[PDB]
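The next block holds one structure in the form of structure tokens; read it before the comments.
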There are 2 protein chains.
Amino acid sequence: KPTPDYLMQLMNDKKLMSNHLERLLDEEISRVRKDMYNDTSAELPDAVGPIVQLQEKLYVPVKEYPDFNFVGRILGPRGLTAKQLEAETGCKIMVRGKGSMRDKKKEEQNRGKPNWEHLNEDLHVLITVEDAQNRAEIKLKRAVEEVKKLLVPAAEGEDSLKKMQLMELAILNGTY
Amino acid sequence: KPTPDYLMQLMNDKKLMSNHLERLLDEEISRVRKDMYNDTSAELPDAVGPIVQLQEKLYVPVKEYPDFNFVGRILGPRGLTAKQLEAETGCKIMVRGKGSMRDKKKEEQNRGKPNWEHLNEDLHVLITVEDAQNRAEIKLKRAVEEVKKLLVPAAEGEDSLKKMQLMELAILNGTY
RNA sequence: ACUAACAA
RNA sequence: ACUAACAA
């Protein structure tokens with residue numbers, strides 16, 4: 001029974017609590033939320049060959065569409081959207097690049113510092129996998145073919161997804 | 001992960017707790033336990049016709065096999081076995097008849113008192129259903145064909161089921 | 001209800 | 001590890 005209200009009555013169930021009890025909740029929460037969006041499926045082959053790591057830097061077109069905030073849409077509230085995506089694909093999703101950090105200031109200092117090399121590239125979405133080739137290509141190409149969706153600006157009033165998160169946010173905020 | 005130990009670590013999870021939190025547990029518990037026994041499936045048709053009530057008094061053969069305690073085997077610890085059976089069939093399972101009540105004394109007084117008429121019949125297992133005919137016959141004949149199993153004395157050392165409950169008991173007892 | 005995860 | 005539910 002993945003209802004909106006009862007979901008709000010779940011987050012608060014979780015607010016007061018925080019060894020299986022927690023996990024018990026995290027499952028449904030995710031399961032609810034998944035069902036929320038899925039109202040808007042193949043299976044991986046058995047591993048073949050030595051383990052491989054696959055990346056795909058996917059740049060966001062702020063050069064093309066500066067005004068639109070892609071990044072938020074992707075990450076979502078508590079970064080959950082980005083979190084549910086790593087979950088259902090297996091690929092490590094992470095936002096790197098120029099302007100990654102919301103703050104312009106903090107970013108203006110980490111340049112060159114190890115593991116901040118990525119700050120010298122234009123803004124992108126990084127998608128990494130560790131798995132056997134035939135099993136990873138699929139994993140990758142699943143998440144690849146999903147960020148591209150998020151790298152396409154649904155005009156306001158038609159971005160159903162935007163409202164989805166924004167209501168989720170306004171619940172974590174408790175302002176609604 | 002329906003493991004025995006973790007199950008014991010569940011009942012005690014439940015001991016300390018006692019609005020969804022409780023229910024959350026009751027599901028797995030049942031689900032675990034079901035999986036426990038199922039290591040030792042059709043679907044009902046859509047209702048057709050006016051609702052009906054079906055019974056089947058099923059007598060236990062103490063006349064034939066006095067020494068063996070059928071009744072316990074059926075009910076099980078906390079009556080759960082009898083409880084999981086009402087669950088998975090839909091039929092109201094209940095033990096009535098002579099010697100129903102463990103105590104001979106208490107029973108020796110309720111004779112004739114309304115809803116204790118059943119004390120004047122030999123010991124039996126009562127199985128009742130409320131549903132449309134075609135849908136109830138199946139429901140009944142599922143539970144019917146399962147009590148008869150429990151009305152057949154598995155000799156000691158071969159009654160795997162007996163140990164199943166007895167370990168479950170010895171957990172609720174906390175003696176193991 | 002304008003999201004900030006991830007990485008350190 | 002010898003079960004006691006259900007019904008009242």
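Ordering of the structure tokens sets the chain letters (A, B, ...), residue numbers begin anew at 1 in every chain, and ligands are numbered from 1 in the order given.
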>> Tell me as an NGL selection string which residues belonging to chain C come within 7 Å of chain A, counting only C-alpha atoms (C1' of nucleotides).
In response: :C and (1 or 3-6)
>> To test your reading of the structure, identify every residue in segment 18-140 of chain B that backbone DSSP assigns to helix (DSSP H, G or I), and report it as a ChimeraX atom specification.
In response: /B:21-38,70-75,77-89,104-110,117-120,133-140
Those selected residues, please, written with C-alpha atoms and delivered as an mmCIF file, in the first residue's frame.
data_model
loop_
_atom_site.group_PDB
_atom_site.id
_atom_site.type_symbol
_atom_site.label_atom_id
_atom_site.label_comp_id
_atom_site.auth_asym_id
_atom_site.auth_seq_id
_atom_site.Cartn_x
_atom_site.Cartn_y
_atom_site.Cartn_z
ATOM 1 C CA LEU B 21 6.589 -1.780 13.567
ATOM 2 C CA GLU B 22 4.806 -4.725 15.159
ATOM 3 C CA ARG B 23 3.124 -5.823 11.973
ATOM 4 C CA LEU B 24 6.402 -5.538 10.089
ATOM 5 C CA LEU B 25 7.729 -8.252 12.332
ATOM 6 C CA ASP B 26 4.698 -10.529 12.388
ATOM 7 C CA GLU B 27 4.970 -10.915 8.644
ATOM 8 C CA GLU B 28 8.543 -12.170 8.540
ATOM 9 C CA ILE B 29 8.059 -14.361 11.590
ATOM 10 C CA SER B 30 5.213 -16.089 9.812
ATOM 11 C CA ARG B 31 7.150 -15.977 6.583
ATOM 12 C CA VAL B 32 10.182 -17.496 8.238
ATOM 13 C CA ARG B 33 8.182 -20.217 9.973
ATOM 14 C CA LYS B 34 6.283 -21.067 6.815
ATOM 15 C CA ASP B 35 9.594 -21.471 5.003
ATOM 16 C CA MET B 36 10.787 -23.633 7.878
ATOM 17 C CA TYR B 37 8.005 -26.171 7.421
ATOM 18 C CA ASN B 38 7.716 -25.826 3.613
ATOM 19 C CA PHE B 70 -2.744 -35.536 18.546
ATOM 20 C CA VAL B 71 -4.143 -32.353 19.895
ATOM 21 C CA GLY B 72 -0.871 -30.720 20.856
ATOM 22 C CA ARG B 73 0.749 -31.539 17.537
ATOM 23 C CA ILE B 74 -2.089 -29.708 15.833
ATOM 24 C CA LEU B 75 -2.248 -26.592 17.954
ATOM 25 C CA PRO B 77 3.352 -23.698 20.536
ATOM 26 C CA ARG B 78 1.259 -20.601 21.236
ATOM 27 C CA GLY B 79 -1.254 -22.431 19.054
ATOM 28 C CA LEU B 80 0.774 -21.124 16.144
ATOM 29 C CA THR B 81 0.640 -24.266 14.048
ATOM 30 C CA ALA B 82 -3.116 -24.171 14.244
ATOM 31 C CA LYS B 83 -2.807 -20.461 13.579
ATOM 32 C CA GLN B 84 -0.652 -20.735 10.483
ATOM 33 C CA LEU B 85 -3.126 -23.287 9.196
ATOM 34 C CA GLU B 86 -6.159 -21.036 9.477
ATOM 35 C CA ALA B 87 -4.000 -18.537 7.689
ATOM 36 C CA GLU B 88 -2.925 -20.505 4.667
ATOM 37 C CA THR B 89 -6.277 -22.141 4.019
ATOM 38 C CA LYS B 104 -10.962 -32.756 32.882
ATOM 39 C CA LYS B 105 -12.385 -30.738 35.725
ATOM 40 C CA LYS B 106 -13.301 -27.444 34.087
ATOM 41 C CA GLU B 107 -14.848 -29.333 31.213
ATOM 42 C CA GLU B 108 -16.966 -31.381 33.616
ATOM 43 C CA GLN B 109 -19.023 -28.276 34.312
ATOM 44 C CA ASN B 110 -19.630 -26.462 31.043
ATOM 45 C CA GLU B 117 -22.895 -28.265 23.410
ATOM 46 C CA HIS B 118 -19.856 -29.510 21.522
ATOM 47 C CA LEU B 119 -18.518 -30.990 24.720
ATOM 48 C CA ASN B 120 -20.980 -33.834 24.378
ATOM 49 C CA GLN B 133 -19.452 -22.448 -2.794
ATOM 50 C CA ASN B 134 -16.924 -23.091 -5.551
ATOM 51 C CA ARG B 135 -14.473 -20.954 -3.669
ATOM 52 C CA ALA B 136 -15.105 -22.549 -0.313
ATOM 53 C CA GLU B 137 -15.083 -26.174 -1.335
ATOM 54 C CA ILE B 138 -11.520 -25.647 -2.370
ATOM 55 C CA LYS B 139 -10.733 -23.757 0.805
ATOM 56 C CA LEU B 140 -12.245 -26.482 2.901
#
>> What's the separation between atom CA of residue 128 of chain B and atom CA of residue 155 of chain B, in Å to one decimal place?
In response: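 Atom CA of residue 155 of chain B lies 29.3 Å from atom CA of residue 128 of chain B.
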